[PDB]
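Everything below belongs to protein15.txt, which stores compact mmCIF, C-alpha atoms and all ligand atoms.
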# COMPACT_ATOMS: atom_id res chain seq x y z
CA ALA A 7 1.45 -12.27 20.32
CA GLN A 8 5.22 -11.86 20.97
CA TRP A 9 5.82 -10.54 17.42
CA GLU A 10 8.72 -8.19 16.54
CA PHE A 11 6.79 -5.13 15.32
CA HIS A 12 8.33 -1.78 14.42
CA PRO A 13 9.09 -0.19 17.82
CA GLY A 14 6.99 2.82 16.85
CA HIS A 15 3.84 0.71 16.40
CA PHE A 16 2.56 0.80 19.95
CA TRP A 17 -1.00 -0.10 18.89
CA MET A 18 0.21 -3.56 17.79
CA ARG A 19 1.34 -4.23 21.39
CA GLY A 20 -2.07 -3.34 22.84
CA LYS A 21 -1.15 0.16 24.08
CA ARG A 22 -3.53 3.11 23.95
CA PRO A 23 -2.06 6.43 22.78
CA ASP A 24 -1.63 8.83 25.72
CA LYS A 25 -2.82 11.74 23.58
CA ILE A 26 -4.90 11.58 20.42
CA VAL A 27 -2.53 14.19 18.95
CA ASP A 28 1.15 14.82 19.73
CA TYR A 29 4.21 16.56 18.28
CA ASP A 30 7.54 14.89 17.58
CA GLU A 31 10.13 17.58 18.37
CA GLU A 32 13.03 15.49 17.10
CA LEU A 33 11.33 14.83 13.71
CA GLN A 34 9.41 18.12 13.64
CA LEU A 35 6.05 16.54 12.80
CA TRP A 36 2.61 15.95 14.27
CA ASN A 37 0.93 12.58 14.99
CA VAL A 38 -2.84 11.72 15.02
CA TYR A 39 -3.96 8.34 16.48
CA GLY A 40 -7.76 8.67 16.98
CA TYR A 41 -10.26 7.17 14.54
CA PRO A 42 -12.86 9.98 14.31
CA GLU A 43 -10.07 12.58 13.99
CA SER A 44 -8.18 10.59 11.31
CA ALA A 45 -11.32 9.93 9.28
CA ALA A 46 -12.24 13.61 9.35
CA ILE A 47 -8.70 14.61 8.31
CA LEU A 48 -8.75 12.25 5.31
CA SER A 49 -12.17 13.73 4.29
CA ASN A 50 -10.85 17.28 4.44
CA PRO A 51 -8.30 17.48 1.60
CA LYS A 52 -8.74 21.26 1.12
CA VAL A 53 -7.29 21.72 4.61
CA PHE A 54 -5.06 18.59 4.81
CA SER A 55 -2.99 18.38 1.65
CA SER A 56 -1.55 15.19 0.22
CA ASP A 57 1.21 17.23 -1.46
CA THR A 58 3.64 16.79 1.44
CA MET A 59 6.71 17.74 -0.64
CA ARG A 60 5.39 21.31 -0.57
CA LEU A 61 6.91 21.54 2.95
CA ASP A 62 10.37 20.26 2.06
CA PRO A 63 13.16 22.84 1.92
CA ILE A 64 14.42 20.95 -1.19
CA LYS A 65 11.92 19.68 -3.74
CA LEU A 66 11.65 17.94 -7.06
CA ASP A 67 10.53 19.96 -10.03
CA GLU A 68 6.78 19.71 -10.55
CA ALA A 69 7.08 18.58 -14.19
CA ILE A 70 9.06 15.58 -12.94
CA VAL A 71 6.51 14.42 -10.34
CA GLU A 72 3.30 15.18 -12.25
CA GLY A 73 0.90 12.26 -12.78
CA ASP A 74 1.48 10.97 -9.26
CA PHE A 75 -2.06 11.69 -8.23
CA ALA A 76 -1.37 10.17 -4.80
CA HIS A 77 0.39 13.44 -4.03
CA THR A 78 -1.99 15.63 -5.98
CA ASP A 79 -4.85 17.72 -4.51
CA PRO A 80 -8.03 19.11 -6.03
CA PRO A 81 -8.82 20.46 -8.55
CA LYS A 82 -6.23 18.48 -10.52
CA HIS A 83 -6.56 15.19 -8.59
CA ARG A 84 -9.93 14.10 -10.00
CA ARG A 85 -8.83 14.29 -13.65
CA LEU A 86 -5.78 12.13 -13.04
CA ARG A 87 -7.48 9.64 -10.78
CA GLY A 88 -10.37 9.58 -13.25
CA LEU A 89 -8.27 8.53 -16.28
CA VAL A 90 -6.70 5.64 -14.41
CA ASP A 91 -10.02 4.53 -12.92
CA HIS A 92 -11.49 4.66 -16.38
CA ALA A 93 -8.43 2.93 -17.76
CA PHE A 94 -9.35 -0.02 -15.58
CA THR A 95 -11.96 -1.06 -18.12
CA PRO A 96 -14.45 -3.84 -17.40
CA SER A 97 -12.56 -6.16 -19.81
CA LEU A 98 -9.27 -5.58 -18.01
CA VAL A 99 -10.76 -6.38 -14.63
CA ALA A 100 -12.32 -9.57 -15.99
CA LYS A 101 -9.07 -10.55 -17.66
CA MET A 102 -7.23 -9.98 -14.39
CA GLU A 103 -9.52 -12.20 -12.33
CA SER A 104 -9.40 -14.77 -15.11
CA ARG A 105 -5.61 -14.89 -14.73
CA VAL A 106 -5.07 -14.75 -10.99
CA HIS A 107 -5.88 -18.39 -10.27
CA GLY A 108 -3.52 -19.47 -13.03
CA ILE A 109 -0.72 -17.35 -11.54
CA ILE A 110 -1.32 -18.61 -8.04
CA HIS A 111 -1.32 -22.29 -8.96
CA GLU A 112 1.83 -21.66 -10.97
CA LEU A 113 3.53 -20.11 -7.98
CA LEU A 114 2.60 -22.97 -5.67
CA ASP A 115 3.66 -25.50 -8.28
CA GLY A 116 6.98 -23.73 -7.85
CA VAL A 117 7.31 -24.75 -4.17
CA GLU A 118 5.83 -28.28 -4.49
CA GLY A 119 9.09 -30.02 -3.48
CA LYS A 120 9.66 -27.74 -0.49
CA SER A 121 8.40 -28.67 2.96
CA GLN A 122 9.72 -25.38 4.40
CA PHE A 123 9.83 -21.96 2.75
CA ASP A 124 9.21 -18.22 2.94
CA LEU A 125 5.60 -17.54 2.05
CA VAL A 126 6.34 -13.88 1.36
CA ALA A 127 9.31 -14.43 -0.92
CA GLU A 128 7.85 -17.51 -2.65
CA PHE A 129 4.23 -16.51 -2.90
CA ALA A 130 2.82 -13.45 -1.32
CA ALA A 131 5.17 -10.90 -2.93
CA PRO A 132 5.50 -12.34 -6.38
CA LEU A 133 1.71 -12.64 -6.97
CA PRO A 134 0.65 -8.93 -6.72
CA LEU A 135 3.82 -7.94 -8.52
CA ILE A 136 3.01 -10.32 -11.38
CA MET A 137 -0.64 -9.14 -11.54
CA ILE A 138 0.28 -5.51 -11.86
CA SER A 139 3.06 -6.27 -14.35
CA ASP A 140 0.60 -8.11 -16.58
CA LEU A 141 -1.97 -5.35 -16.18
CA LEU A 142 0.63 -2.84 -17.41
CA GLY A 143 1.54 -5.23 -20.20
CA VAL A 144 5.26 -5.58 -19.55
CA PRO A 145 7.04 -8.78 -20.61
CA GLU A 146 7.85 -11.29 -17.85
CA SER A 147 11.56 -10.39 -18.21
CA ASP A 148 10.73 -6.82 -17.07
CA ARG A 149 9.24 -8.08 -13.79
CA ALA A 150 12.90 -8.33 -12.72
CA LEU A 151 13.54 -4.66 -13.43
CA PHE A 152 10.57 -3.82 -11.18
CA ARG A 153 11.67 -5.85 -8.14
CA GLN A 154 15.00 -4.03 -8.45
CA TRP A 155 13.28 -0.65 -8.44
CA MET A 156 11.11 -1.71 -5.53
CA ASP A 157 14.04 -2.32 -3.20
CA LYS A 158 15.52 1.08 -4.00
CA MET A 159 12.17 2.61 -3.13
CA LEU A 160 11.88 0.32 -0.08
CA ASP A 161 15.39 1.47 0.89
CA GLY A 162 14.56 5.14 0.51
CA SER A 163 11.35 4.50 2.44
CA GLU A 164 13.36 3.09 5.36
CA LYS A 165 14.91 5.45 7.88
CA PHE A 166 12.24 8.00 6.97
CA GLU A 167 11.56 8.19 10.73
CA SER A 168 15.08 9.36 11.47
CA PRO A 169 15.79 13.11 11.40
CA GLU A 170 17.38 14.28 8.14
CA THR A 171 19.59 17.28 7.44
CA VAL A 172 18.89 19.45 4.43
CA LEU A 173 21.96 17.87 2.79
CA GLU A 174 20.88 14.28 3.48
CA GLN A 175 17.52 15.24 2.01
CA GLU A 176 19.33 16.54 -1.06
CA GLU A 177 21.26 13.24 -1.33
CA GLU A 178 18.10 11.13 -1.11
CA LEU A 179 16.32 13.47 -3.50
CA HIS A 180 19.06 13.03 -6.08
CA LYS A 181 19.01 9.21 -5.95
CA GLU A 182 15.19 9.43 -6.26
CA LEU A 183 15.69 11.62 -9.32
CA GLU A 184 18.08 9.18 -10.99
CA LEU A 185 15.47 6.46 -10.48
CA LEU A 186 12.67 8.59 -11.90
CA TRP A 187 14.73 9.17 -15.00
CA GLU A 188 15.39 5.49 -15.47
CA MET A 189 11.71 4.69 -15.15
CA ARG A 190 10.67 7.55 -17.34
CA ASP A 191 12.93 6.24 -20.11
CA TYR A 192 11.53 2.79 -19.52
CA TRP A 193 7.88 3.80 -19.77
CA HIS A 194 8.86 5.90 -22.80
CA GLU A 195 9.72 2.71 -24.67
CA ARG A 196 6.64 0.86 -23.44
CA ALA A 197 4.53 3.73 -24.71
CA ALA A 198 6.23 3.65 -28.12
CA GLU A 199 5.84 -0.11 -28.35
CA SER A 200 2.19 0.14 -27.32
CA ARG A 201 1.55 2.74 -30.00
CA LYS A 202 3.33 0.41 -32.46
CA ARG A 203 1.37 -2.64 -31.23
CA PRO A 204 -1.59 -1.93 -28.92
CA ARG A 205 -2.59 -4.79 -26.58
CA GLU A 206 -5.18 -5.50 -23.88
CA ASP A 207 -3.35 -3.67 -21.13
CA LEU A 208 -3.38 -0.49 -19.09
CA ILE A 209 -0.52 1.23 -20.99
CA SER A 210 -2.47 0.89 -24.21
CA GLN A 211 -5.29 2.70 -22.50
CA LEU A 212 -2.97 5.40 -21.13
CA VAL A 213 -1.33 6.43 -24.44
CA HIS A 214 -4.75 7.43 -25.79
CA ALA A 215 -5.99 9.13 -22.59
CA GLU A 216 -6.02 12.96 -22.33
CA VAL A 217 -5.87 15.75 -19.69
CA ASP A 218 -6.95 19.28 -20.66
CA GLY A 219 -7.50 17.86 -24.15
CA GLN A 220 -3.85 16.79 -24.42
CA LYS A 221 -2.46 13.21 -24.26
CA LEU A 222 -0.09 12.19 -21.46
CA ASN A 223 3.63 12.58 -21.60
CA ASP A 224 6.32 10.17 -20.52
CA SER A 225 6.50 11.65 -17.05
CA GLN A 226 2.75 11.38 -16.47
CA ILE A 227 2.64 7.79 -17.72
CA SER A 228 5.77 6.86 -15.76
CA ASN A 229 4.49 8.39 -12.51
CA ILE A 230 1.12 6.69 -12.86
CA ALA A 231 2.65 3.27 -13.54
CA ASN A 232 5.21 3.72 -10.76
CA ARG A 233 2.37 4.62 -8.38
CA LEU A 234 0.40 1.48 -9.32
CA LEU A 235 3.50 -0.72 -8.78
CA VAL A 236 4.57 0.84 -5.52
CA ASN A 237 1.08 1.04 -4.10
CA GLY A 238 -0.09 -2.35 -5.18
CA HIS A 239 2.89 -4.63 -4.59
CA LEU A 240 4.15 -5.02 -1.04
CA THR A 241 0.87 -3.74 0.47
CA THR A 242 -0.87 -6.71 -1.11
CA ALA A 243 1.96 -9.13 -0.31
CA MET A 244 1.55 -8.15 3.34
CA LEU A 245 -2.22 -8.46 3.42
CA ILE A 246 -1.82 -12.02 2.12
CA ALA A 247 1.01 -12.91 4.48
CA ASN A 248 -0.41 -11.06 7.58
CA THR A 249 -3.63 -12.91 7.02
CA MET A 250 -2.00 -16.35 7.02
CA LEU A 251 0.08 -15.32 10.08
CA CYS A 252 -3.06 -14.26 11.96
CA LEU A 253 -4.93 -17.49 11.07
CA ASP A 254 -1.96 -19.48 12.39
CA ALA A 255 -1.92 -17.38 15.55
CA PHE A 256 -5.69 -17.42 16.18
CA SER A 257 -6.66 -21.03 15.66
CA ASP A 258 -10.23 -20.31 16.83
CA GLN A 259 -10.61 -17.82 13.99
CA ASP A 260 -8.84 -20.23 11.65
CA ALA A 261 -11.38 -22.93 12.51
CA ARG A 262 -14.25 -20.53 11.79
CA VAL A 263 -12.93 -19.68 8.35
CA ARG A 264 -12.20 -23.28 7.30
CA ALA A 265 -15.74 -24.27 8.44
CA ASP A 266 -17.46 -21.27 6.80
CA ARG A 267 -15.57 -20.13 3.65
CA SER A 268 -17.96 -17.22 3.13
CA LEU A 269 -15.90 -15.50 5.89
CA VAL A 270 -12.81 -14.95 3.77
CA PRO A 271 -13.66 -11.41 2.52
CA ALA A 272 -14.51 -10.25 6.03
CA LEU A 273 -11.30 -11.98 7.19
CA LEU A 274 -9.25 -9.92 4.77
CA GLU A 275 -10.91 -6.67 5.88
CA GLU A 276 -10.21 -7.57 9.52
CA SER A 277 -6.64 -8.44 8.56
CA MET A 278 -6.41 -4.86 7.23
CA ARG A 279 -7.91 -3.38 10.35
CA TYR A 280 -5.68 -5.36 12.73
CA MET A 281 -2.35 -5.29 10.92
CA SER A 282 -2.62 -2.48 8.44
CA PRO A 283 -0.19 -2.85 5.49
CA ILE A 284 -0.32 0.91 5.16
CA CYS A 285 -0.58 1.97 8.81
CA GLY A 286 0.05 5.69 8.41
CA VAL A 287 -0.23 8.33 5.72
CA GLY A 288 1.25 11.81 5.45
CA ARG A 289 -0.61 15.07 5.15
CA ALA A 290 0.45 18.71 5.11
CA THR A 291 -1.63 21.46 6.72
CA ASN A 292 -2.59 24.33 4.38
CA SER A 293 -3.90 26.49 7.25
CA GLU A 294 -4.05 26.50 11.05
CA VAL A 295 -6.34 23.77 12.40
CA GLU A 296 -7.74 22.28 15.57
CA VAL A 297 -7.46 18.47 15.92
CA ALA A 298 -8.70 16.68 19.05
CA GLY A 299 -8.57 20.03 20.82
CA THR A 300 -4.97 20.65 19.69
CA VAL A 301 -4.00 23.56 17.47
CA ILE A 302 -1.82 22.63 14.50
CA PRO A 303 -0.18 25.52 12.66
CA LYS A 304 -0.14 26.16 8.93
CA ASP A 305 2.42 24.26 6.82
CA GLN A 306 3.01 21.31 9.17
CA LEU A 307 3.62 17.67 8.36
CA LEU A 308 0.89 15.48 9.89
CA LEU A 309 1.12 11.71 10.13
CA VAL A 310 -2.31 10.15 10.15
CA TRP A 311 -1.88 6.75 11.90
CA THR A 312 -4.56 4.67 10.24
CA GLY A 313 -3.00 1.63 11.95
CA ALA A 314 -3.60 3.22 15.37
CA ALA A 315 -7.05 4.58 14.36
CA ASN A 316 -7.98 1.01 13.52
CA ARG A 317 -7.43 0.02 17.14
CA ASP A 318 -9.57 2.92 18.45
CA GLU A 319 -12.04 1.58 21.00
CA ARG A 320 -14.35 4.61 20.36
CA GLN A 321 -14.91 3.06 16.90
CA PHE A 322 -14.48 -0.71 17.36
CA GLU A 323 -15.68 -3.03 20.11
CA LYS A 324 -12.76 -4.99 21.56
CA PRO A 325 -10.37 -3.48 19.00
CA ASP A 326 -7.47 -5.68 20.10
CA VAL A 327 -9.45 -8.84 19.36
CA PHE A 328 -9.04 -10.46 15.95
CA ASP A 329 -12.56 -11.24 14.65
CA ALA A 330 -12.50 -12.98 11.25
CA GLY A 331 -16.15 -12.17 10.73
CA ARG A 332 -16.04 -8.68 12.16
CA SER A 333 -18.94 -6.47 11.06
CA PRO A 334 -19.30 -3.66 10.65
CA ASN A 335 -15.67 -2.92 9.81
CA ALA A 336 -15.17 0.56 8.44
CA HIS A 337 -11.43 0.41 8.93
CA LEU A 338 -9.05 2.98 7.43
CA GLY A 339 -6.69 0.40 5.91
CA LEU A 340 -7.66 1.51 2.43
CA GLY A 341 -7.93 5.15 3.33
CA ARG A 342 -11.03 7.32 3.10
CA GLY A 343 -12.17 10.07 0.75
CA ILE A 344 -10.76 11.13 -2.57
CA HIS A 345 -7.51 9.22 -2.16
CA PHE A 346 -9.39 5.98 -1.25
CA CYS A 347 -7.43 3.01 -2.60
CA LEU A 348 -7.86 2.79 -6.36
CA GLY A 349 -6.69 -0.79 -6.48
CA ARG A 350 -9.03 -1.96 -3.68
CA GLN A 351 -11.04 -4.28 -5.97
CA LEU A 352 -7.93 -5.94 -7.43
CA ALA A 353 -6.28 -6.20 -3.99
CA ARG A 354 -9.34 -7.88 -2.47
CA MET A 355 -9.77 -10.16 -5.53
CA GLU A 356 -6.09 -11.27 -5.32
CA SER A 357 -5.89 -11.72 -1.63
CA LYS A 358 -9.17 -13.68 -1.50
CA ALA A 359 -8.04 -15.98 -4.31
CA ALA A 360 -4.67 -16.42 -2.62
CA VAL A 361 -5.96 -17.24 0.81
CA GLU A 362 -8.61 -19.60 -0.53
CA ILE A 363 -6.15 -21.47 -2.64
CA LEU A 364 -3.56 -21.65 0.20
CA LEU A 365 -6.29 -23.12 2.42
CA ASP A 366 -7.28 -25.80 -0.11
CA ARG A 367 -3.88 -26.80 -1.50
CA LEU A 368 -1.83 -26.44 1.72
CA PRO A 369 -4.27 -27.09 4.52
CA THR A 370 -1.40 -28.12 6.83
CA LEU A 371 0.48 -24.87 6.20
CA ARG A 372 1.68 -23.44 9.57
CA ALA A 373 4.00 -20.72 10.81
CA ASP A 374 7.46 -22.29 11.34
CA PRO A 375 7.87 -22.32 15.13
CA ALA A 376 11.65 -22.63 14.94
CA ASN A 377 11.79 -19.58 12.70
CA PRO A 378 9.49 -16.61 13.47
CA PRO A 379 8.47 -14.00 10.88
CA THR A 380 10.14 -10.61 10.51
CA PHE A 381 8.22 -7.40 10.00
CA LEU A 382 8.82 -4.86 7.29
CA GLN A 383 11.38 -2.26 8.39
CA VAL A 384 9.27 0.68 7.28
CA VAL A 385 7.47 2.95 9.71
CA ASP A 386 4.29 3.55 7.66
CA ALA A 387 3.71 -0.16 7.17
CA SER A 388 2.55 -2.77 9.56
CA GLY A 389 3.21 -6.22 8.09
CA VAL A 390 5.53 -9.21 7.76
CA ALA A 391 8.60 -9.06 5.44
CA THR A 392 9.42 -12.76 5.90
CA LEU A 393 7.10 -15.58 6.77
CA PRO A 394 8.77 -18.98 7.05
CA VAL A 395 6.17 -21.68 6.76
CA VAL A 396 6.17 -25.43 7.18
CA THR A 397 3.91 -28.02 5.54
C1 LIG B 401 -3.76 -4.65 0.79
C2 LIG B 401 -3.64 -3.91 -0.31
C3 LIG B 401 -3.66 -2.38 -0.31
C4 LIG B 401 -3.74 -1.52 0.72
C5 LIG B 401 -3.84 -1.77 2.23
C6 LIG B 401 -3.72 -0.19 0.15
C7 LIG B 401 -3.79 0.96 0.88
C8 LIG B 401 -4.04 2.22 0.40
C9 LIG B 401 -4.28 3.46 1.16
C10 LIG B 401 -4.30 3.59 2.69
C11 LIG B 401 -4.45 4.45 0.28
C12 LIG B 401 -4.72 5.92 0.63
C13 LIG B 401 -3.45 6.78 0.48
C14 LIG B 401 -3.62 8.17 1.10
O1 LIG B 401 -4.73 8.57 1.48
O2 LIG B 401 -2.63 8.94 1.21
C15 LIG B 401 -4.34 3.87 -1.06
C16 LIG B 401 -4.45 4.51 -2.28
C17 LIG B 401 -4.08 4.02 -3.51
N1 LIG B 401 -3.89 2.68 -3.88
FE1 LIG B 401 -3.87 1.21 -2.60
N2 LIG B 401 -3.60 -0.28 -1.23
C18 LIG B 401 -3.57 -1.61 -1.54
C19 LIG B 401 -3.50 -2.14 -2.81
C20 LIG B 401 -3.42 -1.46 -4.01
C21 LIG B 401 -3.33 -2.04 -5.37
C22 LIG B 401 -3.37 -3.56 -5.66
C23 LIG B 401 -3.25 -1.02 -6.21
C24 LIG B 401 -3.11 -0.95 -7.75
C25 LIG B 401 -3.12 -2.00 -8.55
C26 LIG B 401 -3.26 0.19 -5.43
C27 LIG B 401 -3.20 1.47 -5.93
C28 LIG B 401 -3.46 2.60 -5.23
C29 LIG B 401 -3.42 3.92 -5.79
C30 LIG B 401 -3.04 4.33 -7.23
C31 LIG B 401 -3.84 4.85 -4.66
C32 LIG B 401 -3.89 6.38 -4.73
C33 LIG B 401 -5.28 6.85 -5.10
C34 LIG B 401 -5.32 8.36 -4.95
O3 LIG B 401 -4.41 8.96 -4.34
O4 LIG B 401 -6.31 8.97 -5.43
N3 LIG B 401 -3.35 -0.12 -4.13
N4 LIG B 401 -4.10 2.53 -0.92
Translate the structure described by the file into structure tokens.
Ligand code: HEM
Amino acid sequence: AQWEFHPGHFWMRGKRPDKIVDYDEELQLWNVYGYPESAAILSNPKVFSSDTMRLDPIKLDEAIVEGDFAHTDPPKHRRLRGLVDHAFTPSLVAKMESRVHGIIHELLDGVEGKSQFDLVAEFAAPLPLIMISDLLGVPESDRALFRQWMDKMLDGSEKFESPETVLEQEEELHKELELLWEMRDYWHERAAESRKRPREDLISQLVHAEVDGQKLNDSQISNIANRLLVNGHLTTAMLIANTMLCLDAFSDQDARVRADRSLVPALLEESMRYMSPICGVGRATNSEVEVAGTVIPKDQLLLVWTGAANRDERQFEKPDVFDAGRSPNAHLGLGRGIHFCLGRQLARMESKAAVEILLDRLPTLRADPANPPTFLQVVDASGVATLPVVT
């Protein structure tokens, strides 16, 4: 519908890309919009690196960014990703799903007196933030410190699609550095405290974990926790809020889901296909490559538009139709390959619980017609930042 998407997100307005691959001369980067091409790129990490900072004229020191396996390639990626995967022990997962319904009901008890409110600010954002905070074992008071950090990182994320001078890049890189130091000194004290009093959380698991036979340092622990927070917060808030927005918009699909509650998981996946919280990811070419019959030189920044790939009619029938029960749905919303979303199970468990409970407790919940949603002002994300609702 007449929704105010990021102007760069042409696929949300039902437009096909003119070329599967193009070059942005003003930003000095390459764009890929096709599904088979994107999928192949994500499955070829040896050629398409996730270490995009390699191409920056000004960089952070490697010791400072290590542990952020989202920007790490083989052979070192698997170790890092492995510890964290492992760290998500079967007890932890169980404990998380045991807590999510409690958190959700608690949130909605918070808006019980309100006939009108912002679903994102009141519900959809706090829930995944709270879940990850508890998983990391930080006190509730520290959830504040995280929402603070997440607007600085949301601020730095914004205007990434504007051209930047080498000096502006230095300025951004220095504010990023100050924030990494504050987090590093934070996680340093959570590590100490966890060593002093271990608990049933992820940090407790991390202080014992080892790479190359050595335990992790403050920078590794900090960069892993930061990556869980940043990757798992607003992505999940958007999936929850996009999903309620789409149900409101497509009353036929809404009716299907209310009538047949077994559709909710497939609804969430289709929500991801159709309005992809992460709608593009960055890659750097290690060598010269051909993509959709287009030659891309060595050392280039390539934006893989998973949001656009997800509307590719070569992969999906009627890709611009929202189908709550869509199957099969091998969308790229969660990535593909070695960097495939680590928190996928938690994100699906949370979102499912959230939608289900919104449907049961607030069956009259609707998008406020006097007050439309706004979309997140970040080019690699397709989702709502505000969703005023009325009961
Ligand atoms: C709707 C919810 C989510 C979406 C759409 C999403 C999306 C994605 C995507 C597209 C990637 C691939 C990145 C790339 O290839 O460059 C990814 C990876 C990742 N996700 Fe998620 N994510 C979500 C929720 C979560 C949650 C809840 C967590 C943690 C609690 C999380 C943690 C991570 C991590 C650590 C990675 C990096 C894995 C690696 O690089 O090996 N995400 N996610």
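Between residue A:298 and the residues A:260, A:68, A:43, A:74, the shortest atom-to-atom distance, using all atoms listed in the file, involves A:43.
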Can I get the residues close to ligand LIG 401 (chain B) as a ChimeraX atom specification, where close means within 8 Å and we count all atoms listed in the file? /A:48,56,74-78,83-84,87,134,138,230,233-246,278,282-289,312,338-354,357
Write out as a PyMOL selection string which residues come within 12 Å of residue A:227 when counting all atoms listed in the file, dropping same-chain ones fewer than 4 positions away. chain A and resi 70-75+86+89-90+142+186+189-198+208-217+221-223+231-234
Take the residues just selected and output them with C-alpha atoms as a short mmCIF file (atom, residue, chain, number, x, y, z; two decimals), in the coordinates of the input.
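Once everything was written out, this is selection-v5.cif:
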data_model
loop_
_atom_site.label_atom_id
_atom_site.label_comp_id
_atom_site.auth_asym_id
_atom_site.auth_seq_id
_atom_site.Cartn_x
_atom_site.Cartn_y
_atom_site.Cartn_z
CA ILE A 70 9.06 15.58 -12.94
CA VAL A 71 6.51 14.42 -10.34
CA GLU A 72 3.30 15.18 -12.25
CA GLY A 73 0.90 12.26 -12.78
CA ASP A 74 1.48 10.97 -9.26
CA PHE A 75 -2.06 11.69 -8.23
CA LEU A 86 -5.78 12.13 -13.04
CA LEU A 89 -8.27 8.53 -16.28
CA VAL A 90 -6.70 5.64 -14.41
CA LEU A 142 0.63 -2.84 -17.41
CA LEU A 186 12.67 8.59 -11.90
CA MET A 189 11.71 4.69 -15.15
CA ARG A 190 10.67 7.55 -17.34
CA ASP A 191 12.93 6.24 -20.11
CA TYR A 192 11.53 2.79 -19.52
CA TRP A 193 7.88 3.80 -19.77
CA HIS A 194 8.86 5.90 -22.80
CA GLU A 195 9.72 2.71 -24.67
CA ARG A 196 6.64 0.86 -23.44
CA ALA A 197 4.53 3.73 -24.71
CA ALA A 198 6.23 3.65 -28.12
CA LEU A 208 -3.38 -0.49 -19.09
CA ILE A 209 -0.52 1.23 -20.99
CA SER A 210 -2.47 0.89 -24.21
CA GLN A 211 -5.29 2.70 -22.50
CA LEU A 212 -2.97 5.40 -21.13
CA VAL A 213 -1.33 6.43 -24.44
CA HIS A 214 -4.75 7.43 -25.79
CA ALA A 215 -5.99 9.13 -22.59
CA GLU A 216 -6.02 12.96 -22.33
CA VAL A 217 -5.87 15.75 -19.69
CA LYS A 221 -2.46 13.21 -24.26
CA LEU A 222 -0.09 12.19 -21.46
CA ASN A 223 3.63 12.58 -21.60
CA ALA A 231 2.65 3.27 -13.54
CA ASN A 232 5.21 3.72 -10.76
CA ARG A 233 2.37 4.62 -8.38
CA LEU A 234 0.40 1.48 -9.32
#
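Considering the residues A:323, A:305, A:218, A:188 and counting all atoms listed in the file, residue A:59 has its shortest atom-to-atom contact with A:305.
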With 5 Å added on each side, what axis-aligned box encloses every listed atom of stretch 261-272 of chain A? Give the centre and edge lengths in Å to one decimal, as lines of an AutoDock Vina configuration file.
center_x = -14.7
center_y = -17.3
center_z = 7.5
size_x = 16.6
size_y = 24.0
size_z = 20.0
Residue neighbourhood residue A:358, 8 Å, only C-alpha atoms, exclusion window fewer than 4 positions, as number ranges by chain: A: 270-271, 274, 354, 362
Counting all atoms listed in the file, figure out which residue out of A:182, A:170, A:294, A:67 gets nearest to residue A:54.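 Selected residue with least distance to residue A:54: A:294.
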Using only C-alpha atoms, what does the table of stretch 319-373 of chain A residues within 12 Å of stretch 13-34 of chain A look like, with each row giving the shortest atom pair and its distance in Å to one decimal, sorted by chain and ascending number, as a tab-separated table?
residue	atom	partner	partner_atom	distance
A:319	CA	A:22	CA	9.1
A:320	CA	A:22	CA	11.5
A:324	CA	A:20	CA	10.9
A:325	CA	A:20	CA	9.1
A:326	CA	A:20	CA	6.5
A:327	CA	A:20	CA	9.8
A:328	CA	A:18	CA	11.7
Expressed in Å to a single decimal, how great is the separation between atom CA of residue A:369 and atom CA of residue A:397?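 Calculated distance between atom CA of residue A:369 and atom CA of residue A:397 is 8.3 Å.
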Can you work out which one of A:100, A:53, A:250, A:45 has the shortest atom-to-atom distance to residue A:389, counting only C-alpha atoms?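 Once distances to residue A:389 are computed over only C-alpha atoms, the minimum belongs to A:250.
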Counting all atoms listed in the file, the residue of A:377, A:257, A:335, A:147 that sits nearest residue A:393: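 Of A:377, A:257, A:335, A:147, the one nearest residue A:393, counting all atoms listed in the file, is A:377.
Reported to one decimal place, the separation of atom CA of residue A:229 from atom CA of residue A:88 is 14.9 Å.
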Hey, which of A:117, A:297, A:158, A:386 ends up closest to residue A:183? Count all atoms listed in the file. A:158
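Protein, DNA and RNA residues at most 10 Å from (9.2, -19.4, 8.1), with all atoms listed in the file, are these: residues 122, 123, 124, 125, 126, 372, 373, 374, 375, 376, 377, 378, 379, 380, 392, 393, 394, 395 and 396 of chain A.
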